[PDB]
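Novice: Experimental coordinates follow, after the sequence.
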Amino acid sequence: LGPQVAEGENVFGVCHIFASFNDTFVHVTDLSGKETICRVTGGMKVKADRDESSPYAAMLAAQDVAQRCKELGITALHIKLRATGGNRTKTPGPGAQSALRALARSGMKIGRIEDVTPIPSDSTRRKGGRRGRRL
Amino acid sequence: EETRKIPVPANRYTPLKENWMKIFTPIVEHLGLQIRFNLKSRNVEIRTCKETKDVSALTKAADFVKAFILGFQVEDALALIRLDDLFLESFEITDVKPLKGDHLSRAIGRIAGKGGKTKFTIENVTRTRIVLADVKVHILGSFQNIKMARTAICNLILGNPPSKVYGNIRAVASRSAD
Amino acid sequence: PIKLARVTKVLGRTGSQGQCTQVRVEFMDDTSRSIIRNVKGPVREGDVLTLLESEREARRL
Amino acid sequence: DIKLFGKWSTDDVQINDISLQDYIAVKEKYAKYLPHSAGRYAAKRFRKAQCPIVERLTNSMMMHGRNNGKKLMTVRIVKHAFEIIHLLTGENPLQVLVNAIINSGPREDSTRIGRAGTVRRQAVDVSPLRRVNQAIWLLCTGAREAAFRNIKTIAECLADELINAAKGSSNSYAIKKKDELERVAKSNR
Amino acid sequence: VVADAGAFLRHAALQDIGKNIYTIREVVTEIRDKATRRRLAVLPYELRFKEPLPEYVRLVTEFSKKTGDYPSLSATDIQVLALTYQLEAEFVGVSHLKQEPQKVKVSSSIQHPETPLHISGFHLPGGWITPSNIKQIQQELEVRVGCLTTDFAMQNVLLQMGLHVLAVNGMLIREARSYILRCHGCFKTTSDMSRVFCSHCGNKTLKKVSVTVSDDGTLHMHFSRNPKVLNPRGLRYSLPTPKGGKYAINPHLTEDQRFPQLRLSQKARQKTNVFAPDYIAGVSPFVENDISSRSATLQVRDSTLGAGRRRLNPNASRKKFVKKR
Ligand SMILES: [Zn+2]
């Protein structure tokens, strides 16, 4: 079940790895991105809200997605990394790095590593006050 | 054979040139990856050849060279070569508190302290490496250690004096089964 | 399952009261798998251990 | 040929576990006529591994305070216990002693890590020298509480403890204590 | 086939290619690296020690003063050069060799002296460092007697004479391109790339100039016709009054002025090595910093540290809230 491709050529999907500051999403989609293939959160692998954004949950998520994509015939993935963006922080967290490495171990050819974080041109006001944020 | 390209700024060209042997030797010796530096595109290129021992070594080398470009020492990113459970988390200094001008500079000062001492103290307690780019903070360490270091740094850049931060991080490091 | 062991290098004295010895372990199963383990009592270069279970790794990092 | 107490052979003794083989010192050059030697054996670290194991059993038999200096009594009790072992089992009593030491010593033990107040223990491995030492100590202690207030002579009780530990049955004090220690260590990890 | 200190320092297993293996005692006794001294106690002993009579040493000295490399070489370098000269005279005919070397010709270009050409990893527009090129990237690679020398100045004077030289590779070298430092006040050239004050006039004025030496005996020098090199922009600025004591750091105006001793502690100057077999036993991934010593409070730094700060011109604008040590 999958594309009818010779062994020389690879099937490309686009893996959106979005690491929010509470968990991590692994969302493999079409090259267009409209039709999806797989997605497992940090929360569907570990049964605790404390360890939701942990690299353990992210790497288990990446192995689950890699196995599912081997089942459906996709052999290679382009990578579109993401942080929360906008007013929030712009750098993808350690969970995104952990998911990327874990899907790199799991037999996947890697295509283009590209960061799409929604950087504002000129943002609205920060969620925190004037006093500060994050302890 | 796949490749990864990472950029280098103008202020990291000379550290790249001086430390070049110490960068390319560990990548090609035991990881078995081709490496070059394109002067036209200003990119470090890392490639997989037939001599590559295992998969995902190129990701390890990419994290190593990226950490060196962000401002870390060559041995502190050779730690990323050897160890598996190490990450590179970074944030802007205005991400937690909107600081304008001179206030912002003072915040930078109380990440460093006098002689850098405060920064080194955190590096002694959290077992991390912190790099202060001009308005950026980069932490290299384990995930829990990154959390402790970012808690200390965020406490410093919203107003807390260094002694309170030292006491808090020493209590947390005592509680963290270190 | 029980597997016998080898001593490659004595590493140090750790523990609360300095009672445990951190030591490198080679295997008698003709493998080069060296694991760091904590032992209780006096050990020297030339000892043979008896690991009740070998999947455990000591306090590394 | 050198025979312990003039009658007991030492070449028939075989070591089952090779980790304790280099420390149970009984086989060829370490066989003596009598358990009594009075040599300087605690002068330097690991020198007591070179000691004949019958001398170790004798030296751990004088432990309690009222017998704390009498060694000729301990060696004659060792001789009598070897007689009891030989008439009960029929084997070489040195082999029974070695099997008891092998089956008595715990392989892993709990220990305290952290600071004063840390009430959780980590399971660690046990050194072979410490394993032999604690096996001898537990066998002698089993001989002690096996013969406090009863008609049975302590030579008979020492022989019974040695035979029960060599057989591995759940009757020896040393076997029960080893099982308890290993279960506690497996529960802690 | 004479061996310099660079052969044993770079671990040249080249005893098989040669048969006249001759070394001085001072080239083998001055080595401080423990690994190669251990190697010398293991290596097969076909080398034999030989001392030159000093007429060859005299002649090597008077053309060392003529080739412009006499301040660059040391005494043991002169001894090794006299050794290979006297064996070439003893075994081979002496008439093959020309004395009083030729005149250098000038050919300048617009390239900066800091252009990173002939660096193995760097590539302009393919140049790759591969696992199959590590043993071969040493230098520009190209019968009975030879040398095992890596220092450039000896090679420069030696090919000015005309003896064939070899390296830890097999085949001999015909062309040698490298860099020298030239004073633009007194026009005296030095082959020592480490030094920053010239030996003749003592000013901090040495600048990089590239040189190429042929096997025939022709030296030629490439200068840079770039005005950025000879620009007096950040050279004049106000200096503070000279200060003494245990903590003064003077602006380093001469090569031999007496600085106070301000050394880093041993805990401060340990860098972590990660490939040690006992590294994983450590409680931390990195070496603990020094925050307790007196050298930490005095903000003592390593000599190699902060090089780009010194390269900025002092008559410029730093950031408002920073202090430059
Ligand atoms: Zn000059």
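Specialist: Now that the structure is in, tell me what you want to look at. Numbering: from 1, shown residues only, chains lettered A, B, ... in the order given.

Novice: Name the residues linked to the residue lying closest to residue A:82 once chain neighbours are set aside by a beta bridge.
Specialist: Nearest residue to residue A:82 in three dimensions, chain neighbours excluded: residue A:18, at 4.1 Å (C-beta to C-beta, 6 or more residues apart in numbering or on different chains). (Each C-beta comes from the backbone N, C-alpha and C, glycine too.) In this entry, residue A:18 is beta-bridged to residue A:25, residue A:82, by DSSP bridges.

Novice: Counting neighbours, what do you get for residue A:18?
Specialist: A total of 24 residues lie near residue A:18 under the criterion other C-beta atoms under 10 Å in any protein chain shown.

Novice: Correct me if wrong: it contacts residue A:27.
Specialist: Yes. Counting by C-beta atoms under 8 Å, residue A:27 is a contact partner of residue A:18 at 6.9 Å.

Novice: what does chain B put close to chain D?
Specialist: For chain B, no residue is in contact with chain D (C-beta under 8 Å from any C-beta of the partner chain).

Novice: what ranges do the strands span in chain B?
Specialist: Secondary structure of chain B, counting by DSSP state E: strands at B:3-7, B:33-38, B:43-48, B:87-92, B:129-133, B:136-141.

Novice: Parallel or antiparallel, list what pairs with the first one.
Specialist: Right, the one you point to is strand B:3-7. In the sheet containing strand B:3-7, the strands it pairs with under DSSP bridges are strand B:43-48 (antiparallel).

Novice: What residues does the residue positioned nearest the centre of chain A make contact with?
Specialist: With distances taken as C-alpha atoms, centre = their mean, the residue of chain A nearest its centroid is residue A:17 (1.1 Å). Listed by C-beta atoms under 8 Å, 6 or more residues apart in numbering or on different chains, the contact partners of residue A:17 are A:24-27, A:79-82, A:92, A:96, A:99-100.

Novice: Tell me the one of those residues nearest residue B:159?
Specialist: Of all these, residue A:92 has the smallest distance to residue B:159: 28.4 Å, by C-beta to C-beta.

Novice: would you say the closest one is within a strand?
Specialist: No. Counting by DSSP: H, G, I helix; E, B strand; the rest coil, one finds residue A:92 to be coil, located in no strand.

Novice: In this structure it contacts residue A:82, no?
Specialist: Yes. With contacts defined as C-beta under 8 Å, residue A:92 counts as touching residue A:82 at a distance of 6.3 Å.

Novice: Overlap in contacts, the two.
Specialist: By the contact definition C-beta under 8 Å, 6+ apart, residue A:92 and residue A:82 are jointly contacted by A:17, A:19, A:115, A:117.

Novice: in stretch B:18-38, what's buried?
Specialist: Residues B:20, B:23-24, B:26-28, B:31-38 are the ones in stretch B:18-38 that count as buried (16 or more other C-beta atoms under 10 Å in any protein chain shown).

Novice: For the residue nearest the centre of chain C, give me its contacts.
Specialist: A centroid search over chain C (C-alpha atoms, centre = their mean) returns residue C:37, at 3.7 Å, as the residue closest to the centre. Residues in contact with residue C:37, defined by C-beta under 8 Å, 6+ apart, are C:5, C:22-23, C:25, C:49, C:51, C:56-58, D:124-125.

Novice: so residue A:111, which of the three states?
Specialist: Put simply, residue A:111 is strand when judged by three-state DSSP.

Novice: show me the contacts for the closest residue to it other than its chain neighbours.
Specialist: With sequence-adjacent residues excluded and distances taken as C-beta to C-beta, 6+ apart, residue A:111 is closest to residue A:78, at 3.9 Å. Residue A:78 is in contact with A:12-15, A:111-112, A:114, counting by C-beta under 8 Å, 6+ apart.

Novice: Quick check: phi and psi at residue A:78.
Specialist: With angles defined as degrees, to the nearest 10, residue A:78 shows backbone torsions of phi -80, psi 150.

Novice: One more: residue C:28?
Specialist: Per degrees, to the nearest 10, the backbone of residue C:28 is at phi -90, psi 0.

Novice: That one reaches residue C:4, doesn't it?
Specialist: Yes. Residue C:28 sits in contact with residue C:4 when judged by C-beta under 8 Å, with a separation of 4.4 Å.

Novice: any common contacting residues for the two?
Specialist: Overlap between the contact sets of residue C:28 and residue C:4, as judged by C-beta under 8 Å, 6+ apart, is given by residue C:48.

Novice: still on that earlier bit, which of the contacts of residue C:37 ranks first by neighbour count?
Specialist: residue D:125 (28 neighbours).

Novice: Report the secondary structure element holding that residue.
Specialist: Counting by DSSP states H and E, the secondary-structure element that holds residue D:125 is strand D:121-126.

Novice: other SSEs contacting the helix or strand following that strand?
Specialist: On the C-terminal side of strand D:121-126, the nearest following helix or strand under DSSP H and E is helix D:128-145. In terms of contact count using 3 or more C-beta pairs under 8 Å, 6 or more residues apart in numbering or on different chains; DSSP states H and E, helix D:128-145 is assigned the packing partners helix D:53-59, helix D:93-104, helix D:154-167, helix D:173-188.

Novice: need the ones you listed in JSON lines with mean neighbour count, can you?
Specialist: Putting the helices and strands packed on helix D:128-145 into JSON lines (neighbours: other C-beta atoms under 10 Å in any protein chain shown) gives the following:
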{"stretch": "helix D:53-59", "mean neighbour count": "24"}
{"stretch": "helix D:93-104", "mean neighbour count": "24"}
{"stretch": "helix D:154-167", "mean neighbour count": "23"}
{"stretch": "helix D:173-188", "mean neighbour count": "16"}
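
Novice: So for chain B, which of those sits nearest?
Specialist: With C-beta to the nearest C-beta as the criterion, chain B lies closest to helix D:173-188 of these, at 15.5 Å.

Novice: Quick one: name the residues of chain E near chain B.
Specialist: Proximity of chain E to chain B (C-beta under 8 Å from any C-beta) is limited to residues E:116, E:119, E:121-132, E:134, E:271-275, E:279, E:283-286, E:288-291, E:296-297, E:299, E:307-308, E:319-321.

Novice: mind listing the helices in the stretch 101-250 of chain E by residue range?
Specialist: E:152-161 (DSSP state H, counting those that start in this stretch).

Novice: same deal with chain A?
Specialist: A:55-72, A:94-105 (DSSP state H).

Novice: Now find how far off-centre the longest one is within its chain.
Specialist: Right, the one you point to is helix A:55-72. 10 Å (C-alpha atoms, centre = their mean, to the nearest Å).

Novice: Can you name the residue of chain A nearest to the ion?
Specialist: residue A:91 (51.0 Å; C-beta to the ion).

Novice: Could you check how far that residue is from chain C?
Specialist: When C-beta to the nearest C-beta, to the nearest Å is the yardstick, residue A:91 and chain C sit 25 Å from each other.

Novice: Got the phi and psi for that residue?
Specialist: Reported as degrees, to the nearest 10, the phi and psi values for residue A:91 are phi -90, psi 130.

Novice: Contacts only, for it.
Specialist: Residues touching residue A:91, when contacts are defined by C-beta under 8 Å, 6+ apart, comprise A:83, A:117, B:89-91.
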